[PDB]
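K.L.:
Input: one structure, supplied below.
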Amino acid sequence: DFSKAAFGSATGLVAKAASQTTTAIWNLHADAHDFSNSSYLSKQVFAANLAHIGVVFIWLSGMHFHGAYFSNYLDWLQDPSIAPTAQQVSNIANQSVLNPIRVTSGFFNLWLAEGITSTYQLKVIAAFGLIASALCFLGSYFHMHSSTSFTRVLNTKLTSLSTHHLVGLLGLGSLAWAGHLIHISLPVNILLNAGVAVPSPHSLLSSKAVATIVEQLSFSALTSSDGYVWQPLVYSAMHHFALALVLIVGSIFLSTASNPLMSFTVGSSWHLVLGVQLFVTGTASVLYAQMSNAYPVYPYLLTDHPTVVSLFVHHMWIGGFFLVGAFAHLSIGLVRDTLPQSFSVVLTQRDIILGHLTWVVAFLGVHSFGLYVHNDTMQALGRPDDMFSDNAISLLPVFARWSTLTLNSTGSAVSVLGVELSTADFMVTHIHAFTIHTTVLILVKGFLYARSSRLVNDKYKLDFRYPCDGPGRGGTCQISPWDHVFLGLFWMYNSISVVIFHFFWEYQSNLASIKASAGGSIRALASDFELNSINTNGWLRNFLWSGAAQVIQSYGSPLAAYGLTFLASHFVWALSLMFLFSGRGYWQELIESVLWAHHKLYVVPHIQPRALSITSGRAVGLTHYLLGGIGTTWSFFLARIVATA
Amino acid sequence: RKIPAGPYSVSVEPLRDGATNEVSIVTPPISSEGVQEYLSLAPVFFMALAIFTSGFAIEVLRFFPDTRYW
Amino acid sequence: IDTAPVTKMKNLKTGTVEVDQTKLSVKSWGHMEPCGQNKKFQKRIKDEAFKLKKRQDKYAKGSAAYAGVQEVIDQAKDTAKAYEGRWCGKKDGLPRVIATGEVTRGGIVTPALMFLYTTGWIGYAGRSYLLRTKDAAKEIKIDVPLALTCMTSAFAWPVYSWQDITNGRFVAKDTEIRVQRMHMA
Amino acid sequence: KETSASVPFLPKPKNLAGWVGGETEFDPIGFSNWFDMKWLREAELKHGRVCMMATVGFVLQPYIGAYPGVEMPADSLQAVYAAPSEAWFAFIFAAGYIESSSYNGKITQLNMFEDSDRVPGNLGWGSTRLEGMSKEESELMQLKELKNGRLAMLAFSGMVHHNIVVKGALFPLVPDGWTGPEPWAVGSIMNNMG
Amino acid sequence: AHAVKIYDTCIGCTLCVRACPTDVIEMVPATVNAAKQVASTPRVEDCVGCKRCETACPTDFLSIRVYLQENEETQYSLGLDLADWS
Ligand code: CLA
Ligand code: CLA
Ligand code: CLA
Ligand SMILES: CC1=C(C#C/C(C)=C/C=C/C(C)=C/C=C/C=C(C)/C=C/C=C(C)/C=C/[C@@]23O[C@]2(C)C[C@@H](O)CC3(C)C)C(C)(C)C[C@H](O)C1
Ligand SMILES: CC1=C(C/C=C(\C)CCC[C@H](C)CCC[C@H](C)CCCC(C)C)C(=O)c2ccccc2C1=O
Ligand code: SF4
Ligand code: SF4
Ligand code: SF4
């Protein structure tokens with residue numbers, strides 16, 4: 001019965017002759033998670049969320065298992081300066097060169113921040129992660145097959161959901177983590193930094209340990225508690241306690257009696273909630289990426305440069321992807337709602353908002369890339385004093401160089417964070433602003449021109465994802481909100497690539513500058529980024545071509561895998577070009593000739609070979625483009641930062 | 001089924017009288033014929049074939065490293 | 001101030017092109033020699049062994065990593081001994097593949113035959129399944145007993161295929177299949 | 001309802017009704033329902049015959065020496081290495097001719113038992129002895145052949161793997177100072193602390 | 001003006017009429033199909049060229065054919081909304 005319905009999609013695919021094509025298979029994959037509007041839509045969504053939680057628990061259990069069995073975590077504990085490796089590679093083919101793979105996910109620093117000192121603890125965490133994944137799968141099953149409809153959670157029970165998330169989940173989790181810190185993560189780090197052995201973590205919950213050995217509640221303990229690797233954990237514990245208190249207090253001191261989803265259908269309500277949630281998660285990922293190197297929070301984290309770079313770049317990419325998906329699902333919710341009258345002011349200011357954003361994007365692009373091209377031209381013409389640099393026309397970011405304010409018992413973050421900015425920082429920040437504005441322009445245009453436009457006046461009848469409306473009106477390709485998300489994903493790729501390039505070059509420049517020695521204290525400019533990141537040629541020479549030596553000379557070394565992934569990423573990126581530049585009709589005719597060749601030999605497949613649909617071709621091209629570009633940057637960054645740091 | 005529940009539900013109808021001592025097995029009513037049919041799907045069958053071929057190649061490479069007998 | 005290395009042509013004004021029959025064999029070619037006495041190949045093997053030993057020295061004696069690198073070293077030694085019979089140039093030392101057609105060490109005829117048999121097996125198994133399952137349902141839903149029957153029965157593809165080709169059951173008449181005649185031929 | 005005589009906790013498998021070894025009706029997995037029984041019986045008979053000849057060869061090879069020149073190794077596994085190339089080619093040619101003329105080219109699972117009266121495992125080598133006798137006696141002889149075939153299949157597998165574990169000849173079983181087989185080499189998921 | 005044509009294979013579906021976003025196709029009586037009606041395009045000047053009519057035609061090939069004529073673009077064929085040429 002249930003097993004029969006497991007392949008029910010395939011049975012329906014083969015039931016009708018119209019669905020006996022490869023296009024039907026691609027539609028079956030594309031419409032996999034597109035849970036259609038029905039009485040059980042909310043059940044399906046919640047069960048899918050719980051299943052994903054189980055999948056993430058499987059991933060966490062696997063990571064802890066690798067830390068327990070296939071990692072040098074104990075050696076890293078004895079010497080944090082060593083390379084953290086947590087992936088053994090068996091001797092198959094000839095891959096033995098890369099047998100220890102330096103993991104840059106920061107799990108060693110995280111576990112040290114959690115008070116984990118024995119691989120047995122990692123084994124226990126892996127086992128409990130598998131147990132939690134099993135429980136999540138059981139719950140997802142149950143909710144999909146036997147539970148409440150959940151249709152009231154976004155409109156009727158939204159107050160209960162929001163209040164529970166505010167108090168229970170968020171506040172109680174922060175409070176519990178503060179307790180964990182104060183009780184086992186601070187004392188274990190104390191006894192590790194002091195090198196006085198670590199007892200069982202439960203023995204710290206004895207009321208006879210340092211909890212009552214001394215009642216002094218400041219920075220004074222046995223011998224000399226002057227460990228500065230330990231203070232970030234103290235600050236984290238204080239932050240979590242304060243955050244739990246403020247969340248609990250403000251939740252009961254908040255109205256929360258305003259649900260803007262009364263006017264939206266359940267499917268559109270789910271899509272809008274997903275969009276806003278994706279926006280919040282993406283901006284949180286970007287904020288964490290900035291704060292990871294802005295503020296030290298994990299033990300021996302800043303010392304491990306590949307880990308810092310990987311965390312920053314990964315979370316920037318995830319934030320960009322989720323920010324794009326936010327507008328994607330906002331567009332889906334708007335176009336799939338029967339009466340989305342809520343966005344009346346913005347659908348009636350469609351052209352005003354879009355055109356002002358268009359001017360903003362045009363202005364930012366011309367100005368930023370013209371500063372860059374002007375510097376390129378002046379340096380080429382031998383006119384370094386006409387460039388935009390510190391030794392020339394100076395675009396000093398004055399608004400950056402001021403945070404002075406009345407003290408009122410504060411410190412540290414009352415300034416520009418102790419870093420001086422120059423013309424290169426100004427220009428690259430404006431490049432970032434322009435690229436972000438262009439991505440937002442594409443996404444907002446897709447949202448606004450989703451139900452109707454001056455070109456096509458019934459785009460809401462065409463749903464969210466359609467290839468075009470036809471070659472009429474001069475041509476109407478790529479008008480769909482899906483196609484706007486498709487272009488916004490390219491522009492997000494461009495924006496985040498430039499952002500991570502800026503971060504990586506600044507990071508390497510700072511590492512080289514702090515490698516002055518000790519006596520060298522006039523860094524002049526030096527600061528390879530600050531001196532060279534003012535030209536497109538400067539980038540192309542001193543960042544891409546300069547750092548590519550590590551990734552292209554990695555053959556025969558443990559980074560040969562990074563070199564091979566570099567090549568494979570280029571290959572996938574050019575294959576994307578193949579998919580993006582070409583069109584469905586040609587490939588259909590080529591498949592017609594190939595299918596004649598098949599029929600000539602009595603082969604005759606019945607699932608009729610159809611080339612990828614227009615939207616499917618665009619999606620495949622975009623997937624390959626993102627994979628190739630992100631993989632190239634991944635291989636390049638990792639090889640450069642592991643070989644040189 | 002007046003209460004809106006999803007298709008293929010192992011849930012008893014929530015509109016019941018006083019507490020019932022009834023047996024409501026929460027396990028999927030799967031079928032051996034259905035399971036065999038599902039594992040015979042083109043994705044499942046061909047991914048299993050690909051896994052078998054890949055593992056066979058892995059073992060051949062392990063026990064006969066490189067092309068020593070060329 | 002000099003140009004690229006100038007090569008010397010044969011001013012073949014004799015009116016005949018002489019092909020030496022004794023030079024139609026790998027052993028008679030002056031630019032490739034067996035890997036056993038190729039000094040460059042031996043140097044490559046020595047460098048590989050030295051690098052493997054250097055990698056091994058990082059890990060202490062008796063550790064699992066030491067044993068892994070030791071097995072890698074043994075594999076490299078056995079591979080070198082096997083490759084000593086190959087043909088590897090005179091200045092590169094990298095073993096070559098001889099695609100002339102001579103049955104030699106590192107040749108192509110035997111690998112070509114093995115691959116062609118295997119993939120004719122694959123194609124004939126697929127074609128037999130499609131012929132005995134003329135249905136999209138059985139294409140999306142693989143009939144595993146029948147599929148494996150065809151797969152294990154395609155071992156006789158080279159002879160069955162030729163019999164069908166010569167008996168007209170393999171190819172299809174051009175007037176019975178969907179052929180492109182939209183130009184109204 | 002009906003249950004298999006051999007396996008009382010499993011259903012009685014069909015397609016084993018009229019067959020030589022079908023009275024014990026042993027088929028738990030149930031390849032009977034999936035495959036043609038004629039092909040399964042032909043394969044079982046061929047495996048049994050091949051393995052009986054293989055068993056007597058494996059036992060008697062270190063005895064009956066070899067071809068003038070080759071040294072039949074005591075451990076019969078190395079006889080493939082000690083075999084001349086001409087001997088291997090002759091063996092391959094003989095096996096190919098014997099197994100390809102036996103079915104007139106219908107030597108495949110799709111075409112072997114498609115003609116009509118292809119009796120499973122009846123290649124015509126002395127079938128006249130069964131042409132006489134009395135049904136029950138002929139079926140008894142066929143059952144003797146089947147049971148010996150199964151026994152020799154398992155026995156030859158055991159001989160090969162005994163020569164693998166001992167790394168020696170078959171007959172000097174459990175050499176002096178055995179103390180159990182050597183632990184298996186090469187890595188695994190449990191070798192790298194799985 | 002993108003020329004739009006109707007051929008004998010039309011079977012009076014009226015789907016091409018319902019698919020037109022500018023009221024180009026129109027159903028005339030005829031004695032060639034069982035439906036006793038055949039599409040016609042008397043208002044081709046309004047045809048934008050979207051080929052929605054071709055997407056809705058069930059015949060083996062398009063009984064209604066839209067031939068794009070890029071050298072004869074019109075404000076009605078180009079779908080101009082902010083520019084007037086009349
Ligand atoms: C919380 C995260 C989240 C969730 C729950 C959803 C949920 C949904 N999205 Mg969505 N989306 C998200 C984030 C999310 N999205 C983000 C961040 C983006 C921007 C990138 C998008 C962009 C997007 C588009 C453009 C569309 C959706 C659509 C959908 C719906 C159907 C999805 C489907 O069938 O996919 C099925 C699953 C797949 C297709 C997965 C295939 C694998 C992908 C394509 C590539 C993965 C490559 C992998 C990472 C690399 C491989 C490893 C490598 C080493 C080889 C569903 C409601 C579709 C829709 O119609 O909505 C109604 C739709 O058209 N989304
Ligand atoms: C868009 C970015 C950009 C910017 C800001 C500059 C800036 C400059 N370039 Mg330059 N350049 C650029 C791109 C850019 N370049 C590119 C892409 C190239 C390659 C072709 C060059 C090639 C180039 C050369 C070859 C030379 C310069 C030179 C110069 C300098 C003098 C230019 C001049 O005469 O100004 C002209 C400025 C104006 C006419 C005014 C326009 C801006 C006004 C103020 C806008 C006001 C808008 C207003 C506020 C709207 C509101 C009004 C309302 C309130 C009423 C100046 C620093 C020269 C130099 O060496 O100087 C250092 C020079 O010889 N440039
Ligand atoms: C029954 C399976 C089958 C058979 C007999 C053939 C046979 C043929 N194909 Mg073909 N093909 C197949 C599947 C098959 N194809 C599939 C699944 C695809 C989609 C990827 C293609 C895509 C394809 C293209 C694009 C071309 C051919 C071409 C050809 C011809 C030249 C041989 C060649 O280049 O092969 C090369 C084969 C491939 C590149 C794709 C192989 C993909 C897999 C390995 C094949 C599937 C095997 C099947 C699943 C076995 C299942 C058995 C089981 C059900 C029992 C030849 C008539 C060429 C042609 O027309 O030349 C005249 C040509 O240009 N084919
Ligand atoms: C059919 C026919 C004919 C014929 C015939 C022929 C050739 C008939 C041949 C029958 C034949 C040859 C039957 C062999 C059985 C071998 C068995 C059962 C093996 C047992 C082996 C067993 C049970 C186990 C052995 C162990 O090894 C194991 C597993 C582990 C070791 O540590 C210990 C030992 C050693 C104990 C005619 C008459 C010639 C002409 C007629 O026209 C047609
Ligand atoms: C190539 C191409 C096709 C043809 C693509 C098809 C027919 C998809 C089928 C490709 C098969 C499924 C590839 C299978 C995977 C490959 C064998 C590679 C992956 C596995 C290897 C790495 C071993 C389109 O349909 C198309 C449509 C619209 C715009 C552009 C294009 C386009 O560029
Ligand atoms: S080119 Fe493709 S996407 Fe553009 S209008 Fe024509 S069919 Fe539509
Ligand atoms: S859809 Fe096609 S067949 Fe039907 S009436 Fe219109 S033109 Fe004629
Ligand atoms: S192309 Fe569009 S506007 Fe023109 S006739 Fe067809 S449906 Fe009407």
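Simple scheme: letters A, B, ... for chains in structure tokens order, numbers from 1 for residues in each chain, numbers from 1 for ligands in the order shown.
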Using only C-alpha atoms, find which residues of chain E lie within 7 Å of chain A and jot them down as a PyMOL selection string.
P.N.:
chain E and resi 48-51+77-79+81
K.L.:
Create the file for the chosen residues now, containing N, CA, C and O atoms and written as a short mmCIF file (atom, residue, chain, number, x, y, z; two decimals), in the first residue's frame.
P.N.:
```
data_model
loop_
_atom_site.label_atom_id
_atom_site.label_comp_id
_atom_site.auth_asym_id
_atom_site.auth_seq_id
_atom_site.Cartn_x
_atom_site.Cartn_y
_atom_site.Cartn_z
N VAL E 48 0.83 39.92 -31.67
CA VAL E 48 2.13 40.23 -31.10
C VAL E 48 3.20 39.23 -31.52
O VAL E 48 4.38 39.57 -31.53
N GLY E 49 2.80 38.01 -31.89
CA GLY E 49 3.74 36.96 -32.21
C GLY E 49 4.06 36.01 -31.08
O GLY E 49 5.02 35.25 -31.19
N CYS E 50 3.28 36.03 -30.00
CA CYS E 50 3.57 35.21 -28.83
C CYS E 50 3.48 33.72 -29.10
O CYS E 50 4.03 32.93 -28.33
N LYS E 51 2.79 33.32 -30.17
CA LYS E 51 2.64 31.92 -30.54
C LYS E 51 1.96 31.10 -29.45
O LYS E 51 2.19 29.89 -29.33
N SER E 77 2.60 44.84 -32.89
CA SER E 77 3.39 43.62 -32.94
C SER E 77 4.54 43.64 -31.94
O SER E 77 4.91 42.59 -31.40
N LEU E 78 5.11 44.81 -31.67
CA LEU E 78 6.16 44.94 -30.68
C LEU E 78 5.63 45.04 -29.26
O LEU E 78 6.42 44.99 -28.31
N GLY E 79 4.32 45.17 -29.09
CA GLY E 79 3.75 45.30 -27.75
C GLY E 79 4.21 46.54 -27.02
O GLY E 79 4.46 46.48 -25.81
N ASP E 81 4.15 49.80 -24.94
CA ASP E 81 3.25 50.33 -23.92
C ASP E 81 3.49 51.79 -23.61
O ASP E 81 2.54 52.49 -23.24
#
```
K.L.:
Write out as a PyMOL selection string each polymer residue (protein, DNA or RNA) that has an atom no more than 9 Å from ligand 3, with only C-alpha atoms and all ligand atoms counted.
P.N.:
(chain A and resi 590-591+593-605+609) or (chain B and resi 42+45-46) or (chain C and resi 119-120+122-130+139+142-144+146-152)
K.L.:
Would you kindly return, as a VMD selection string, each protein, DNA or RNA residue with an atom no farther than 12 Å from any atom of residue 114 (chain D), considering only C-alpha atoms and excluding same-chain residues fewer than 5 positions away?
P.N.:
chain D and resid 36 38 to 39 103 106 to 109 119 to 120
K.L.:
Using N, CA and C atoms, can you write the selected residues to a file as a PDB file, in the first residue's frame?
P.N.:
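Heads up, here's the output in part13.pdb:
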```
ATOM      1  N   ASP D  36      13.152 -19.093 -15.496  1.00  0.00           N
ATOM      2  CA  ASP D  36      12.730 -20.349 -16.095  1.00  0.00           C
ATOM      3  C   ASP D  36      13.377 -21.508 -15.356  1.00  0.00           C
ATOM      4  N   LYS D  38      13.751 -24.539 -16.386  1.00  0.00           N
ATOM      5  CA  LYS D  38      14.628 -25.307 -17.262  1.00  0.00           C
ATOM      6  C   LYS D  38      16.046 -24.757 -17.231  1.00  0.00           C
ATOM      7  N   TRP D  39      16.191 -23.435 -17.306  1.00  0.00           N
ATOM      8  CA  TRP D  39      17.521 -22.844 -17.251  1.00  0.00           C
ATOM      9  C   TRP D  39      18.173 -23.073 -15.897  1.00  0.00           C
ATOM     10  N   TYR D 103      24.196 -27.190 -27.876  1.00  0.00           N
ATOM     11  CA  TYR D 103      22.915 -26.507 -27.977  1.00  0.00           C
ATOM     12  C   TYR D 103      22.647 -25.962 -29.373  1.00  0.00           C
ATOM     13  N   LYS D 106      22.034 -22.205 -29.692  1.00  0.00           N
ATOM     14  CA  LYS D 106      21.074 -21.655 -28.738  1.00  0.00           C
ATOM     15  C   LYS D 106      21.643 -21.847 -27.332  1.00  0.00           C
ATOM     16  N   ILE D 107      22.691 -21.080 -27.049  1.00  0.00           N
ATOM     17  CA  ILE D 107      23.508 -21.289 -25.862  1.00  0.00           C
ATOM     18  C   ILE D 107      23.300 -20.153 -24.874  1.00  0.00           C
ATOM     19  N   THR D 108      22.139 -19.514 -24.929  1.00  0.00           N
ATOM     20  CA  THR D 108      21.892 -18.320 -24.145  1.00  0.00           C
ATOM     21  C   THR D 108      20.594 -18.476 -23.363  1.00  0.00           C
ATOM     22  N   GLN D 109      20.490 -17.723 -22.264  1.00  0.00           N
ATOM     23  CA  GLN D 109      19.358 -17.888 -21.357  1.00  0.00           C
ATOM     24  C   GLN D 109      18.036 -17.542 -22.025  1.00  0.00           C
ATOM     25  N   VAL D 119      15.491 -31.086 -23.194  1.00  0.00           N
ATOM     26  CA  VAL D 119      15.445 -31.567 -21.808  1.00  0.00           C
ATOM     27  C   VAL D 119      16.560 -30.898 -21.013  1.00  0.00           C
ATOM     28  N   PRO D 120      16.280 -30.365 -19.825  1.00  0.00           N
ATOM     29  CA  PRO D 120      17.317 -29.640 -19.074  1.00  0.00           C
ATOM     30  C   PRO D 120      18.423 -30.582 -18.623  1.00  0.00           C
TER      31      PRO D 120
END
```
K.L.:
Taking only C-alpha atoms into account, find every residue of chain D that has an atom no more than 12 Å from chain B, and write it out as a ChimeraX atom specification.
P.N.:
/D:34,185-188
K.L.:
Wanna dump the chain C-chain B contacts at 7 Å for me, each residue with its shortest atom pair and the distance in Å to one decimal, counting only C-alpha atoms, ordered by chain and number, as a Markdown table?
P.N.:
```
| residue | atom | partner | partner_atom | distance |
| --- | --- | --- | --- | --- |
| C:79 | CA | B:68 | CA | 6.1 |
| C:82 | CA | B:68 | CA | 5.2 |
| C:83 | CA | B:68 | CA | 6.6 |
| C:105 | CA | B:70 | CA | 5.9 |
| C:106 | CA | B:70 | CA | 4.9 |
| C:140 | CA | B:42 | CA | 5.2 |
| C:141 | CA | B:41 | CA | 4.7 |
| C:142 | CA | B:40 | CA | 5.4 |
| C:143 | CA | B:40 | CA | 6.8 |
| C:144 | CA | B:40 | CA | 6.2 |
```
K.L.:
Take the residues just selected and output them with C-alpha atoms as a CSV table (one decimal), in the first residue's frame.
P.N.:
```
chain,number,residue,atom,x,y,z
C,79,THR,CA,54.5,-1.5,-10.3
C,82,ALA,CA,55.9,-4.8,-13.9
C,83,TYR,CA,56.5,-1.7,-16.0
C,105,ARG,CA,53.7,-5.1,-24.0
C,106,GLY,CA,51.4,-2.1,-23.5
C,140,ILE,CA,10.7,3.1,-16.1
C,141,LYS,CA,10.0,-0.1,-14.1
C,142,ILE,CA,12.8,-2.5,-14.8
C,143,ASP,CA,11.7,-6.1,-15.0
C,144,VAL,CA,14.7,-7.3,-12.9
```
K.L.:
Between CA of residue 129 (chain D) and CA of residue 146 (chain D), what distance in Å does the model show, to one decimal?
P.N.:
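Straight-line distance from CA of residue 129 (chain D) to CA of residue 146 (chain D) works out to 16.5 Å.
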K.L.:
Please return as a PyMOL selection string the residues found within 10 Å of ligand 8, counting only C-alpha atoms and all ligand atoms.
P.N.:
(chain A and resi 469-473) or (chain E and resi 1-5+15-26+40-56+64-68+76-77+79)
K.L.:
Grab me every residue within 8 Å of ligand 7, counting only C-alpha atoms and all ligand atoms, and send it over as a ChimeraX atom specification.
P.N.:
/E:6-7,9-17,27,37-39,53-54,56-59,62-64
K.L.:
Produce a file of the selected residues containing C-alpha atoms, as a JSON list (two decimals), in the first residue's frame.
P.N.:
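selection13.json, freshly written:
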```
[["chain", "number", "residue", "atom", "x", "y", "z"],
["E", 6, "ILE", "CA", -4.70, 28.78, -41.13],
["E", 7, "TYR", "CA", -4.48, 25.47, -42.96],
["E", 9, "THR", "CA", -5.69, 20.51, -40.92],
["E", 10, "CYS", "CA", -7.62, 22.79, -38.55],
["E", 11, "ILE", "CA", -10.37, 20.85, -36.78],
["E", 12, "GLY", "CA", -12.31, 23.69, -35.12],
["E", 13, "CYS", "CA", -10.89, 23.32, -31.62],
["E", 14, "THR", "CA", -11.39, 27.03, -30.78],
["E", 15, "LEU", "CA", -8.35, 26.61, -28.51],
["E", 16, "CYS", "CA", -6.26, 28.94, -30.68],
["E", 17, "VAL", "CA", -8.98, 31.59, -30.32],
["E", 27, "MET", "CA", -13.94, 31.10, -35.87],
["E", 37, "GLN", "CA", -15.85, 25.58, -38.24],
["E", 38, "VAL", "CA", -12.32, 26.74, -39.04],
["E", 39, "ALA", "CA", -10.07, 29.33, -37.43],
["E", 53, "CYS", "CA", -2.13, 29.90, -30.52],
["E", 54, "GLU", "CA", 0.50, 27.44, -31.72],
["E", 56, "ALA", "CA", -2.81, 25.20, -28.07],
["E", 57, "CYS", "CA", -3.23, 23.55, -31.49],
["E", 58, "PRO", "CA", -3.67, 19.77, -31.07],
["E", 59, "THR", "CA", -2.95, 18.70, -34.66],
["E", 62, "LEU", "CA", 0.45, 23.52, -36.32],
["E", 63, "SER", "CA", -2.75, 24.04, -38.28],
["E", 64, "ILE", "CA", -2.19, 27.71, -37.36]]
```
K.L.:
At a cut-off of 8 Å, using only C-alpha atoms, what residues contact residue 62 (chain D)? Leave out same-chain residues fewer than 5 positions from it and give the result as a PyMOL selection string.
P.N.:
chain D and resi 72-76
K.L.:
Would you return as a list in words the members of chain E that DSSP assigns to strand (DSSP E) on this structure's backbone?
P.N.:
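Matching residues for strand (DSSP E) in chain E are residues 3, 4, 5, 6, 26, 27, 28, 29, 37, 38, 39, 40, 64, 65, 66 and 67 of chain E.
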K.L.:
Can you write out the residues you just picked, keeping N, CA, C and O atoms, as a short mmCIF file (atom, residue, chain, number, x, y, z; two decimals), in the first residue's frame?
P.N.:
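The resulting file, part_13.cif, is shown below:
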```
data_model
loop_
_atom_site.label_atom_id
_atom_site.label_comp_id
_atom_site.auth_asym_id
_atom_site.auth_seq_id
_atom_site.Cartn_x
_atom_site.Cartn_y
_atom_site.Cartn_z
N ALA E 3 2.63 37.67 -40.02
CA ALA E 3 1.57 36.98 -40.74
C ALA E 3 1.20 35.68 -40.05
O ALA E 3 2.07 34.89 -39.69
N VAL E 4 -0.10 35.45 -39.87
CA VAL E 4 -0.63 34.24 -39.25
C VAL E 4 -1.55 33.57 -40.25
O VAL E 4 -2.43 34.22 -40.82
N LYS E 5 -1.36 32.27 -40.46
CA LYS E 5 -2.09 31.53 -41.48
C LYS E 5 -2.84 30.36 -40.85
O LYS E 5 -2.47 29.86 -39.78
N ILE E 6 -3.90 29.94 -41.52
CA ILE E 6 -4.70 28.78 -41.13
C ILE E 6 -4.71 27.80 -42.28
O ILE E 6 -4.80 28.20 -43.45
N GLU E 26 -10.18 33.89 -35.12
CA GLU E 26 -11.63 34.04 -35.16
C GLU E 26 -12.21 32.83 -35.88
O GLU E 26 -11.62 32.34 -36.84
N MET E 27 -13.37 32.36 -35.41
CA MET E 27 -13.94 31.10 -35.87
C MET E 27 -14.96 31.34 -36.97
O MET E 27 -16.04 31.88 -36.72
N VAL E 28 -14.64 30.90 -38.19
CA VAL E 28 -15.54 31.06 -39.32
C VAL E 28 -16.17 29.71 -39.67
O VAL E 28 -15.57 28.66 -39.41
N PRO E 29 -17.38 29.69 -40.21
CA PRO E 29 -17.95 28.42 -40.67
C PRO E 29 -17.20 27.88 -41.88
O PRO E 29 -16.69 28.64 -42.71
N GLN E 37 -16.36 24.27 -38.59
CA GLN E 37 -15.85 25.58 -38.24
C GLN E 37 -14.33 25.54 -38.37
O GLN E 37 -13.71 24.51 -38.09
N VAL E 38 -13.75 26.65 -38.80
CA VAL E 38 -12.32 26.74 -39.04
C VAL E 38 -11.82 28.09 -38.54
O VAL E 38 -12.49 29.11 -38.71
N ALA E 39 -10.65 28.09 -37.91
CA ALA E 39 -10.07 29.33 -37.43
C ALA E 39 -9.70 30.24 -38.59
O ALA E 39 -9.37 29.80 -39.69
N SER E 40 -9.79 31.55 -38.34
CA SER E 40 -9.32 32.55 -39.28
C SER E 40 -8.67 33.67 -38.49
O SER E 40 -8.95 33.86 -37.30
N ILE E 64 -2.35 26.26 -37.33
CA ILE E 64 -2.19 27.71 -37.36
C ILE E 64 -0.71 28.01 -37.20
O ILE E 64 -0.07 27.54 -36.25
N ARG E 65 -0.16 28.79 -38.13
CA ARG E 65 1.26 29.08 -38.16
C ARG E 65 1.48 30.58 -38.05
O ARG E 65 0.87 31.35 -38.80
N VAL E 66 2.34 30.98 -37.13
CA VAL E 66 2.70 32.38 -36.94
C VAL E 66 4.09 32.58 -37.53
O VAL E 66 5.07 32.03 -37.02
N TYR E 67 4.17 33.38 -38.58
CA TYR E 67 5.43 33.67 -39.25
C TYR E 67 5.91 35.04 -38.80
O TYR E 67 5.34 36.06 -39.20
#
```
K.L.:
Within 8 Å of region 21-31 of chain C, counting only C-alpha atoms, which residues show up once you throw out same-chain ones fewer than 5 positions away? Write them as a PyMOL selection string, please.
P.N.:
chain C and resi 89-90+98+102
